[PDB]
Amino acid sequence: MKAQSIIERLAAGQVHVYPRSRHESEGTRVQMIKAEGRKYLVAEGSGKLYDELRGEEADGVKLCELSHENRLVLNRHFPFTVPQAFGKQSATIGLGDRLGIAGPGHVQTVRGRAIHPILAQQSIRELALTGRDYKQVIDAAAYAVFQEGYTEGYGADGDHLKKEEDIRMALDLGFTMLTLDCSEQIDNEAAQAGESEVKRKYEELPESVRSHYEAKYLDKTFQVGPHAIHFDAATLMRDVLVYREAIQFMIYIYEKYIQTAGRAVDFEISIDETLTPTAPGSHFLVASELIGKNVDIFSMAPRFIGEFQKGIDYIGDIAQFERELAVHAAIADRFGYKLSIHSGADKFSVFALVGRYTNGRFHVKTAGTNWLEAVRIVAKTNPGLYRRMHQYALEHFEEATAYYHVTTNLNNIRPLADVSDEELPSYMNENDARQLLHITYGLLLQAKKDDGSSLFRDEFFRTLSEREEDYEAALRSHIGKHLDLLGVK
């Protein structure tokens, strides 16, 4: 019980204290501590806070594991640690951490910037691949703001939810933002089909439904910004076919879980994952239905022309994309929600355009690139460890391609036998090696020997714990490039 002798090593200034982490609650003072390579909670005083925190005692001092339990307790006393919504009228960034250790660095990039962090952000996919739960995602976010004294507030976004089970769960754990992914009710068939065929599939709809869209939309012209959107029969029928059922999904969920939720929630609707790129006029029609039914949209995340792959920059004609971007953006302003950029990390070619055309009102989601900067550190710090996992990613690539859409050319990665140790980090500058390391993250983390220990993960977390100020330095730099290119003041 007395290995809490650690506290005396702290008395002498022989443990790292986290400067901004002191915060009181009535009689108790709580500050955060790394000691022997473990972060700790350290409190002295008296009151409902001290008594509720779990820990070993010694003095009027307690040493608490950074636990889910103790953060629920910190949630009860310290409200900045609790997630919070921000609204559609502001600049936000999603800061995905698939590891639970990118928080503090994420916090240190936003302090001083005119942007709101969505510190906790994972998709259901990432919880599966990594084997984590949503309690953990909030834990790291809430301990990151505490550890760094970021009290200006942060968000928890359940990302890419599709099953109703997931929405209830994310609701239950206090996620303040919800991302309904509907890329899968998109009739990708009707989008490629021919004029005489859409009409066939469209005339197979109820009169009431067909009378609806035609009265509301047909042959009329909508002045968005300096942007006229017009619907002939050929276009209306296609978009109704292509998007109808997905529109119906959004409205059902808004009514069932979002608006009955009892607290503020950001409702992001997402279709960036479709195969059908979201045509601007199509975008107009989906919001116009959502809004005319009094859905309260935080943000739309469409499928832009060209392709947004994981870990790499835009693929397409950037001139065309700007022309699509201007109208999307104009659509989101007339309606008053924001455009949400998925797969946004490393899309350096789109950032100024996004910033300008949205006058700073946008959502940009990063996640894997943070796992990639941690991979950079191993390459910089544990060459052998990186070699061991660079090779395992190789032999399990085609596996992981069942879960992300990437056109990686395996034939652009210099063989491991060919790059010196100090040349390892430069892989994390390269398109193909980046994508290789990007999507294989679930296999690496879950890798076990037939002994059942972690093949990689535990050794990986120790070096990351050891070169922490490095990791955080990388995030500050890589994520800053992003925010400066976006024009965050």
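Heads up: residue numbers just count along the shown sequence, starting at 1.
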Assert higher mean C-alpha B factor (71-79 or 330-338, deposited values) equals 71-79
Look up the CA B-factors in the entry and say which stretch, 353-361 or 82-90, has the higher mean. 82-90
Using the temperature factors in the entry, find which of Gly194, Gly105, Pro302, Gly384 has the highest value at its Cα atom. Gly105
Name the one of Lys310, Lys163, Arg125, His230 with the greatest CA B-factor according to the PDB entry. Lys163
CA B-factor ranking of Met389, expressed as a third of its chain: lowest
Once the chain's modelled residues are ordered by C-alpha B factor and cut into thirds, is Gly368 in the lowest, middle or highest one? lowest
Could you place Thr235 in the lowest, middle or highest third of its chain by Cα temperature factor, using the values in the record? middle
Considering only modelled residues of the same chain, in which third does the CA B-factor of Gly306 rank: lowest, middle or highest? middle
Here the Cα B-factor of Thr440, set against its chain, lands in the third termed lowest
